[PDB]
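Peer 1: Quick one: structure below, then a few questions.
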Amino acid sequence: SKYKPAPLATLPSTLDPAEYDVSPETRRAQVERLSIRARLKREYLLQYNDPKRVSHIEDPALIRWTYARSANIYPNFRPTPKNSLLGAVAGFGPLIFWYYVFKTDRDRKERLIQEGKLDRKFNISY
Amino acid sequence: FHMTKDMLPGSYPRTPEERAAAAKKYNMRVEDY
Amino acid sequence: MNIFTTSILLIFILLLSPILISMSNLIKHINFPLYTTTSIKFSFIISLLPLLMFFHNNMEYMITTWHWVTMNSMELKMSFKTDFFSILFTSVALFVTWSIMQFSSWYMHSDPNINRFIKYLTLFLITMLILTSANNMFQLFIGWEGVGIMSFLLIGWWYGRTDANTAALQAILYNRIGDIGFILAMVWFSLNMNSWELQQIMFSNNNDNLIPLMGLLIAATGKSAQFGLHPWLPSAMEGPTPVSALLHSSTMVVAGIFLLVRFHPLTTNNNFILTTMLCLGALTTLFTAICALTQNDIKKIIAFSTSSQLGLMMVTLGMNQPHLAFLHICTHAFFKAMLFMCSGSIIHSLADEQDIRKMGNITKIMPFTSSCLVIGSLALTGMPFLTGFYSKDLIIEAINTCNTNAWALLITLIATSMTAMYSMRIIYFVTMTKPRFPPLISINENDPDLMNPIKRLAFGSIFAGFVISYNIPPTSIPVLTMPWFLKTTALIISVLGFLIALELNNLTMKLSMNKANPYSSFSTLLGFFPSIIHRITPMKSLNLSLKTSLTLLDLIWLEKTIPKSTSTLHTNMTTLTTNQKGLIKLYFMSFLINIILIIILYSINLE
Amino acid sequence: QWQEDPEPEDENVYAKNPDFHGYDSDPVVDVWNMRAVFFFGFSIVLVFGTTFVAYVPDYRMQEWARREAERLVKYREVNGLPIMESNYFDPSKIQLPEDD
Amino acid sequence: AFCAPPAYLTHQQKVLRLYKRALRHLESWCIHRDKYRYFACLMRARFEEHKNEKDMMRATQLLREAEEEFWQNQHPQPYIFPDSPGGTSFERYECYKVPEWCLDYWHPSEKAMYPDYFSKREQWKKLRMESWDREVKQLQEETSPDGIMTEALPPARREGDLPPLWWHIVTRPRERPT
Amino acid sequence: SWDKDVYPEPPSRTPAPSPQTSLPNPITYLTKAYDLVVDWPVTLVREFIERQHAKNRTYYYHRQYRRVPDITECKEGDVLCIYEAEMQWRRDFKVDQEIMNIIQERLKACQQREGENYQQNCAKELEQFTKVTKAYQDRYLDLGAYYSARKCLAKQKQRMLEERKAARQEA
Amino acid sequence: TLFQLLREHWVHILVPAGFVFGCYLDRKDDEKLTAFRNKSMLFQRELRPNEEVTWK
Amino acid sequence: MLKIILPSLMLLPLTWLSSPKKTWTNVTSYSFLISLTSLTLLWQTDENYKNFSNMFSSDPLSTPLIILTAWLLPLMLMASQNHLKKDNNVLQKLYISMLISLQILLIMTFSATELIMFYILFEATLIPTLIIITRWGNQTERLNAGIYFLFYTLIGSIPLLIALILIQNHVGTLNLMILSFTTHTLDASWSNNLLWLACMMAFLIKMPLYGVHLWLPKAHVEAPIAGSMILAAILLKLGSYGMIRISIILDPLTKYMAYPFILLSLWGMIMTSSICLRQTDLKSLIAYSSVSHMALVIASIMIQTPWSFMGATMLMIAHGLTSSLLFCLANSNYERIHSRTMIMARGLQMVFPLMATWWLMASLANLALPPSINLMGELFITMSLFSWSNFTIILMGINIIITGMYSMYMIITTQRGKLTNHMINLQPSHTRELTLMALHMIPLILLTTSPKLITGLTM
C-alpha cells in the first residue's frame, strides 16, 4: 500500500525521482531558473523600495493572463470537428432536454385541466 | 497603450525562433516552455 | 393581551437599541460591550414574564404588528407566533447570549474592532429571534438568510486568513442549497394554499405534502449540518470561540430542527418523511461521533458532538416526538456553550493552543474551568438528573420503544457510547495527564468576566432540565413500562463508553508504537468527504464555467455565428461588387446584359 | 518615434487640499458642491418626497376597496346572499348561441 | 522566511528535513513526552547507523526508501504550531498589519495628536531619500557578470551607507499589532 | 371600533382563578405594577390626544360609484362604454380580492383561537373559504396578467357552454 | 459688484421658468380636452348653483 | 409631463450659459429638484391611469421607471466629475448635455401613449449612448463595442418598425389604450408568428437574451461609469417595458411562441451566472450578472401572469439601482489603480472600511437577501414559473447558488485577504463617491419599506 498519485492528489515531490537527481544538466536548469527569478525579484524590489514612486507597480504577466483569457481567444480559434461538436451539444442539448421536459409536463397538466381529475383547491393567485 | 504586441500573447509558435521569443516574453527558460 | 405583547416587542426594542447607538457618536465614549450585556440581561429578565404566563395558562398568541404590502388576494404582515417553542427558545438563547457577551468582553479585550464584534453578535441574535418567533414564512426566510450572512461575517472575522473566508463561503454554499428547499416549500404553499402563514397552511394537513416537506427537510439538512451538508459546521471553528459557542453550537445550527418542529402537524401523516429524517439523523450521529474519536483540536470535537446531537434531534423528529427534540434543543445549549467557553479560557491562557496534545493537566492549574468542563461533559452524557438526562433519557426510551428501523436504533446507541468516549478523550488529554504545554505559565482565570457567565451556565446545565420538564405542559405520552435492560440502557451505554475509552487511553500511555490503521485515518479525515468532494465538485464547476460556458460559446461560437459571419458575408460581397477594373467597355457590356434581361423578362411576362 | 506627450504622473488630490471632498480642485467650489448635493439629495428629496409619498391616500384604491368589501360582506351575510357568485355577469345580459 | 532558498537542495539538507518531519510526526503519535523521548532515541539510532555511508548511489536510495516509509504511517493530523502554515492563528493578525504609507494620507488633525512620531517619520523618510541612489549603485556595481544570480542581498560595504533595499524589511509591521 | 358582523370574535368564556396554594402569583402583582406604571400615563396621554381630536374634529366619507352598463351592454369597438365598464370591472376585482383576504384572516384567527380542536369548531370558516375560492377561481383565475372584462366574459361563456352541453345531453 | 453678480446667478430662473411653463401647457391640454366634462355615465351629476363648471 | 420635461430641457441652457465653475452644482441641484417633481406621478388614488394628453401618460409601470431615470441623472453627473476634471469646459458641457438628452428621451419613452413615439425615442437613445462610449471610453475596443451596440439594436428594431406599420394599416392607430380594448385573437399562422418575432426580438436583444448578449459586456467594459449606469439601469428595462406593453396584441401566440425564449433565458441564466465565476474583469462580472437577472424578466414576461409582471417590475427597479451601485463601486477602485482586474486589489477592507459596507450591502442585494426587493421579484418569478412547470425551480435554485457564490467571490477577493502593499496610491474615499453609494442604497431601503409602488399594473 504505497501512494498512487492523482491529478488532484498529486505527488509530494519527495516520492518524485526528479528531485533525487544529481545530474549536472538538471542542476544547470535549476540554476538558470533561480537566476531568472532573482533577476525579476530585484527588478520588482527596485520599484517597491523606490521612494520616488507615487503609483502602484504594474504587472505585465497579469496583463498577459487577462489579454489571453479574453481577447487572444478568437484569433487563435479555428473550427474543428471536435470544437464544433462540443459547441453544438453544449448549446442545443440542454435546451432540447428541458424543452421536452417542460412540454411533456405542461401537456400532461393541460390535459388533466381540460379533462378534469386534477384539483386546484385553493389556487387563487398563480 | 503601455505594453506592445511583442510583449503580449499571440498565435501558436511554429518556428523555434518564435518559441524562444515566446519563452523569453514569458520570462521562461526555453526548455521549460 | 397587553402585557404579554408589550414584553414580546420590548425585547426586540432592547436588542435594537445597542445597534442604533452603534450608528451614533456615543459609541466613542460609552462602554459598548457592557451596554450590550446589560441590554441582553434586561431582555432576558423581561422575557421571563411571557414564560411565566405560559407556564401558568398555556395560552399562545398570534400578533400582527405591521402590515407591509397587500398583493392581490395575498397579504404580507410582520406576524409573530409566541408559542411554547418561541418563548422558551427566546429565554434560553438570551441567557446564553448574556453569558457569551461577558465572555467576549474578556476573550477579545485585545481586538480593536470589538464593538463591531458585539454588534454582529447582537444582529445574529435579532435574526435568530425573528426566525424563531415568526408566524410567516417570509419572516422565517429573513431570519434564515440573516443568520447565514452573520455566520459569514463572524467566521470571517479575521479577513487575512484565506482559510476563514473559505469556511464562510462553504457555509454560505451549503445553507443556500438548503434555501432551495425552503423556497420550494414557500412556492408550493403560495400556490396550493395562497398563504405563507401557518394558521392557513395547517389546513393542508389532509393533503399530499411530500414536495414542500422534502424542501423543508433539505433546508434542515443544510442548516443543522446533516450528513450530506455537514462539513461547514466544524470548518466554522476558524472563528473566535464565542462565535462557535453562540451560532455553530446552540442556536443557529438548531434552526432546521426548530423549523421541522414548527411543521410537525404535517409530518405526522407522512411516513416517508419521518423515515428519511430517522435515517439521516442516525447516520449523522454515527458519522460525526466517529470522526470526533480521533480529532486533536478541541473545538472540532465540541463541534462534532453538536452535529451528533443534531442527528439525534432529527431521529427524535422521525418517530413523531417534536416536543422532545425542542426540549433537547433548549437543554443542550447550556452545557455546550459552557464547554466552548471553558475551551476558550484554556486557549486564551495557553496562547491560542487548541491541540489537546499540548494541554495536559488542567485540574491543578484551572480547577474552576475544569469542574465546569466536567459538568458540561456529564450533562452531554446522561449523568442522571442533570440537564441532558431529562431529554436524552426519553429520547433513548422512545427510540427503543417504537416501530423504528433497527439499524438507526443500533447506531444511535453506538453513538451515545461514542459520545461518552470522546467526552472522556477530552477529559483525559486535557484534565488527567501530565503537561505538554510550554514551560512559561501565564495562566489567569480570576477575571469576573470569565467566571460569572460560566457558573451561570453551570447552574443551568445542572438544574434547568428539571425546572423545564416540570414546568412544561404534558405534550406527548411517554412509554414508562419497559424491561430493565431498556430503561437503564442509556446509562449502561455511557458507562461502557467511559470504561472503554479509559482503557484505550491508559493503554496508549504504554511504550508501544501507534500506527495509522485504515479505520482511524477514515475518522481523523472527516471520512474523506471534504478531501474528495471539496476538490472534485468545484473543479468540475469552475472548469465547465470557463471552457464550455465562457470561451467556447460566448467568446468563440456566438461571435463566429452571428456577427463575425455577417461581417465576413458583407465584406466579401463588397469585394465582389466594388472591385471593378475601370473599363467602360465592360460597363457597357454589362449594360447590354441588362438590356437583354429586361427585354426577355418583358417578352415572357407580357407580349 | 513620432511625437506625443508622455503619459502624465498620477496626483494625490489630498496633497495640496487635505480637506478635499472629491468634487473640484478649487476648495470653495468643492465645499459648495458638497453642500448642495447633500441638501438637495437628502434634506430635500429623500425627506420631503418620502413624506409626500407616505401621505399619498388610498394608493390605487386600496383603502376604499377594503371599506367596500367590509360593507359588502356585511350586507350579504345580513341578507342571506353568498359572498361571491361564480358568475360576474348576470346571464340575462348574456345570449349564448343557438347551437344546433 | 527571511532567507531565500537556494537553487537546489543538497543531500544533507534533505536528510535533516526528513529527520525533523519524522520527529515531529512521531511526537504527534507519541503524545506523551517519555514515549516520544524513547522513540526519538530510536529514530536517531536509525539515522546515525548509516551516517558514515560514503557512497551516494545507496545514500539516495536509503533516503527515498525513508521518504516512502515516512509517507506511510504518517500522522494525518500532525501537530502544527499555531502561528505556522496550517495553524489556527496563521494570519489571524494580518488584518491589522496596515503598512506605513497609509499615514501619508492622514489628516493634519489626526497627525497633531502624534507630533513626535511624525517628526521621527520625516527623519526616516529623509534617511531613505538620501540612501537610495547610493545603494542602487552599490547593487549595479557588484552584480557578478557570470550571468547567474543568487537572490541574496549585499551589506553596506562602504561606511555611512545603508544596506540596500531595507525600507521593506525595516518598517515591516509588527507581528501582533493591536 | 371594528364591526363584529364582518370580523366576528366569540365572547371568550374565561375561567375564574382557583388558587390552591400559599405562594403568591408573581404575575398578578407584576401586572398591577405594570398597569399603575404604564397604562395610567399612557391612558392619560390618550385622553389628552383624543380631547385635542374632539377639538377641530374632521370628517371623511366613502366614495360611492354608481352602476354603469357592463361590457355586455357595450358594442365592439365602442371604447367609451368599454373604458367605463373595464374600470368598473377592475374596481369590483380589487373588492373581491379584499373580500377573499378578509375571509383568509377570519380563517387564520379561528384556527388560532381554537388551537388543537381546529378540525372541529373551525369548519364553517373553512367552508366559506372553499366556497368563495371556488367562485373566485371560476370568475378570475385563468386570466393572464392582462385580465379585463372581455376575458372574464369569454371564460364565463365557455363555462356556461360546457355546462349547458352537459345538461342538454343526458336529457 | 452688481453686474458680475448677475452676469452669473441669473441662470437660476431657467429651470423654475420651465416648470411654470410646463404647468401652463398641461393646463392648456386639459382645457382642450373638455368634451366629456360632466358628460360621463359615471360622475355625470346635476350642477350645483353658482358652480359654472365641474372642473377647468 | 411637461412639468417634468421642460425643466429637463432648460437644464441644457443652464449647462451652457453657466460659468465653468458653477456648471456642475447648478445642474446637479436642479436635476435633484426634477427628480423630486417626478414624485407626483405616485399620486394615484384610483384604478384610472393618468392620461395627460393624446401623447403623454404614466401607468404604475412607467412611473417607477420615470422616477428612476430622473433620479439617476445627478448620480451620473457626480460619478462623472473625477474623470473629466482634466477635460476642457466644452467637453464637460457636452457630456452633461448627452446625459440630459438621455434622461429626456427616456422619460418620453416611458410616458408615450403611442408606439411610434416610443420607437423613435427608443432609437434616439443610441446617439448619446454611442457618443458617450466611443468619445470618453479609455481603451481602443470602444469602437467595436459601439458598433455591436448600434447594430444588434437596429437589426432587431427594423422588423419592429415594419410590424408597427402593419398594425397601423390594419387597425387605424398605434395607441396603447385603443389597442387594449379593440383587440382580436391572432389566428395561428406563420405570418402572425413572424409578426410576433418582429415585435419581440428588438426588445429581446435589448434585455438581452442569452444567445444575443455580447454587445452588453463589451459596452459596459468599454463604457465610462455614467454610460454603464444608465445602460444597466434603464436601457435594458426599455425592452421589458416594450414587451409588457406590446404583448397584449400578440395573444394567444405567446403561449407556444415562448418556449424557445423562456428556455434560452432559464439556461443562459445558469451559463452567465457561472461565467461570473471565471471572470477576471469586474465590469464583465457585473454585466454577466445583469444578463442572468434579465433572463428572469424575459421568462416572466413570456408567461405573462400577474405575479410574473409584478416580480419583473420589482426586479427591474432593484437591479437597476444595485447594478449602478456596483459599477460605481468598481470605478471607485479603478480611479486609483486604473485596472479592471479583480485580482490586483484584494485587501481593500484594511484601508476603506466604510466603502466595504457598500460592497457588502450591494452584493447582498445582488444575491437575494430578504426582505430586499431584489428578492421579492426573484421569489414571485420563481412562483409564477413553478406554477408554469414545477421543474423550473431546479434551474432557479442552481442559479441562486451560483449567484451567492460569485457575489461572495467578488467581495472576498476584492476587499478581504492580504492588502497589496505596493498600492501606495490608494487615496481614502471621496465624500462624493460615498454620497453616491448612499444615494443608491437608501432608496432600496425605502422601497423595501414601501413595495406597493414598484408592483405594476397587475397590483
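Chain order of the listed sequences is A, B, C, D, E, F, G and H. With UniProt numbering, the residue at position 107 of the first sequence is 110, and numbering never jumps. With UniProt numbering, the residue at position 11 of the second sequence is 40, and numbering never jumps. With UniProt numbering, the residue at position 460 of the third sequence is 460, and numbering never jumps. With UniProt numbering, the residue at position 12 of the fourth sequence is 63, and numbering never jumps. With UniProt numbering, the residue at position 56 of the fifth sequence is 57, and numbering never jumps. With UniProt numbering, the residue at position 22 of the sixth sequence is 25, and numbering never jumps. With UniProt numbering, the residue at position 51 of the seventh sequence is 52, and numbering never jumps. With UniProt numbering, the residue at position 98 of the eighth sequence is 98, and numbering never jumps. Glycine included, each C-beta is placed from N, C-alpha and C at the ideal position.
#1: Which bits of chain F does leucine 34(G) rub up against, with CB to CB less than 8 Å?
#2: Could you name the residues of chain A that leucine 263(H) contacts, counting a contact when the two beta carbons are closer than 8 Å?
#3: With a CB to CB cut of under 7 Å and the five nearest residues on each side skipped, what residues in its chain are close to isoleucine 19(C)?
#4: Against chain H, which members of the stretch 95-123 of chain D pass a CB distance test of less than 8 Å?
#5: Listing by chain order, which chain D residues have their CB less than 7 Å from the CB of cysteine 155(F)?
#6: Answer yes if the stretch 147-156 of chain C comes into contact with the stretch 184-194 of chain C, meaning at least three C-beta pairs across the two stretches below 8 Å, and no otherwise.
#7: Apart from the five residues just before and just after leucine 186(H), which ones in its own chain have a Cβ nearer than 6 Å to its Cβ?
#8: Would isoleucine 298(C) pass as a contact of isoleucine 426(C) if the rule is Cβ separation under 8 Å?
#9: Please confirm if the stretch 270-289 of chain H is in contact with the stretch 378-392 of chain H, defined as three or more CB-CB distances below 8 Å between the two stretches.
#10: Between the alpha carbons of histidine 12(E) and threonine 151(E), how many angstroms are there, rounded?
#11: Tell me the rounded alpha-carbon separation between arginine 122(D) and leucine 110(F).
#12: Hey, does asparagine 84(D) have any beta-carbon neighbour from chain H nearer than 8 Å?
#13: Taking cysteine 96(E) as the query, report the chain C residues whose CB atoms sit under 7 Å from its CB, ordered along the chain.
#14: How about the stretch 106-117 of chain A and the stretch 58-65 of chain C: do they share at least three Cβ pairs that are nearer than 8 Å?
#15: Taking Cβ positions, are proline 64(H) and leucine 321(H) nearer each other than 8 Å?
#16: Can you check the stretch 275-321 of chain C for any alpha helix (DSSP H) of at least 4 residues that lies completely inside it and give the ranges in chain order?
#17: Under 8 Å Cβ-Cβ, which residues of chain H neighbour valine 92(A)?
#18: Apart from the five residues just before and just after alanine 330(H), which ones in its own chain have a Cβ nearer than 8 Å to its Cβ?
#19: Checking 8 Å against the spacing of the C-beta atoms, do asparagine 296(C) and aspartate 352(C) come in under that value?
#20: If we count Cβ pairs, one from each stretch, closer than 8 Å, do we get three or more for the stretch 234-254 of chain C versus the stretch 202-219 of chain C?
#21: Would you decide whether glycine 376(C) is buried or exposed? Buried here means 16 or more other CB atoms lie within 10 Å of its CB.
#22: In whole angstroms, what separates the C-alpha of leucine 129(F) from that of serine 274(H)?
#23: Does the Cβ-Cβ distance between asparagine 84(D) and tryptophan 24(H) come in under 8 Å?
#24: Which residue's Cα is closest to the Cα of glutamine 139(E): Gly161(E), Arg34(E), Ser120(E) and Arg45(E)?
#25: For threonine 381(C), count the other beta carbons within 10 Å of its own beta carbon; 16 or more makes it buried, fewer makes it exposed. Which is it?
#26: At a Cβ cut of 8 Å, what residues of the stretch 61-81 of chain F count as close to chain G, listed as they run along the chain?
#27: Kindly indicate which residue of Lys515(C), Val92(C), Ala134(C) and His56(C) has the alpha-carbon position closest to the one of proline 29(F).
#28: Only counting runs of 4 or more residues, tell me where the alpha helix (DSSP H) segments fall wholly within the stretch 65-133 of chain H, in order along the chain.
#29: Count the other C-beta atoms from every protein chain shown that fall within 10 angstroms of the C-beta of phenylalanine 30(B), then say buried if there are 16 or more, exposed otherwise.
#30: Check distances from the C-beta atoms of the stretch 17-47 of chain A to those of chain B and list, in chain order, the residues that come in under 8 Å.
#31: Across which residues does DSSP place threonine 70(C) in a beta bridge pair?
#32: Starting from the beta carbon of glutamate 75(C), find every residue of chain H whose beta carbon is closer than 8 Å, and list them in chain order.
#33: Using a Cβ cut-off of 8 Å (strictly closer), state whether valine 212(H) contacts chain C.
#34: Under 8 Å by Cβ, that's how I've got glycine 318(C) and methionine 421(C) pegged, so tell me the actual separation to the nearest angstrom.
Peer 2: Taking the geometry as given:
#1: Near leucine 34(G) there are no residues of chain F at all, since even the closest Cβ is about 14 Å away, more than 8 Å.
#2: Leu98, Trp101, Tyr102 and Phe105
#3: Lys119, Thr122 and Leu123
#4: For the stretch 95-123 of chain D, the set of residues with a beta-carbon nearer than 8 Å to any beta-carbon of chain H comprises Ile95, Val96, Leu97, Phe99, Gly100, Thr101, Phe103, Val104, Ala105, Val107, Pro108, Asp109, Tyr110, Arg111, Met112 and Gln113, in chain order.
#5: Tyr139
#6: no
#7: Counting only residues of its own chain and dropping the five nearest sequence neighbours on each side, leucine 186(H) has a CB closer than 6 Å to the CB of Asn192 and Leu253.
#8: yes
#9: No, the stretch 270-289 of chain H is not in contact with the stretch 378-392 of chain H.
#10: 20 Å
#11: So the alpha carbons of these two residues sit roughly 19 Å apart.
#12: yes
#13: Ordered by position in chain C, the residues that pass the 7 Å Cβ test against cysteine 96(E) are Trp158, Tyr159 and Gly160.
#14: no
#15: no
#16: Here the runs fully enclosed are 298-318.
#17: Near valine 92(A) there are no residues of chain H at all, since even the closest Cβ is about 13 Å away, more than 8 Å.
#18: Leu282, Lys283, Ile286 and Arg340
#19: no
#20: no
#21: Label assigned to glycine 376(C): buried.
#22: Each residue's alpha carbon lies about 46 Å from the other.
#23: yes
#24: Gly161(E)
#25: A buried status is given to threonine 381(C), since no fewer than 16 other beta-carbon atoms sit within 10 Å of its beta-carbon.
#26: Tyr68, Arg69, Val71 and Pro72
#27: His56(C)
#28: 89-111 and 115-124
#29: Classification of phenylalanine 30(B): exposed, given that the 10 Å Cβ count is below 16.
#30: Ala32, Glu35, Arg36, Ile39 and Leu43
#31: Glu75(C)
#32: None at all; the shortest Cβ gap to chain H is about 12 Å.
#33: yes
#34: Not a contact, Cβ separation roughly 24 Å.
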